């Protein structure tokens, strides 16, 4: 039935950290997400590139919304999650040791199982951010994750390449400078694979989310995958907000994911 929208506010913090004058104010933005979205997502990186520990504290203390903290396996941020107790933690990679070549979390990491254990023991829901592969979905089930989040980045880039002007710009991805026929086949395959992976997740009793790189154009085929129950989207919504304001950017996305 109805898809849930988590709004990742990281790129609002990107703007804020750029000038260091507390503007835009992330707690202000969070209040808007709280009202118009279904969950507030933020990634508190070890390197503190954007969202900060005080943002997580303030949002948990002040906002009427589930909170989805994205974080890696470092003790500092896991300890903070254990102390502050967001509703959900989505484990994402930061360090080489946590990363796979495609960007999903390495499910063989020596600390992953105990990390999941500690969070679940604290009654925090755990999602694993994973490459869309059937093998990783099975591994996630074995690790006792409730939730998985499929990495839509490669799908998103392929969609951008095929259906937008990006290849004509300075932002073109050299990897995707290929004939269109090949790209079309890769896109179809990647989209088919997303659907198969969502089906597998649901078959194993996992809840399936998606959302990295999703924008107001490439989201549409993803909405048609019935087995994905949630999307976490940030950068494209922040990018739209510059034109329409954050409330309207969220509401526009909500309208697209109706089904």
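Numbering follows the first chain given and starts at 1.
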Taking the deposited Cα B-factors and averaging over 78-86 and over 151-159, the higher mean is found in 78-86
If you take the mean CA temperature factor per stretch, which one wins between 99-107 and 171-179?
171-179
Sorting 56, 209, 202, 214 by Cα temperature factor from the record, which one lands on top?
202
CA B-factor ranking of residue 2, expressed as a third of its chain:
highest
How does the C-alpha B factor of residue 71 compare with the rest of the chain: lowest, middle or highest third?
lowest
Going by the recorded CA B-factors, say which third of the chain residue 121 sits in, lowest, middle or highest.
highest
Quick one: classify residue 166 as lowest, middle or highest third of the chain based on its Cα B-factor.
middle
Report the third (lowest, middle or highest) to which the CA temperature factor of residue 41 belongs, ranking only the modelled residues of the same chain.
lowest
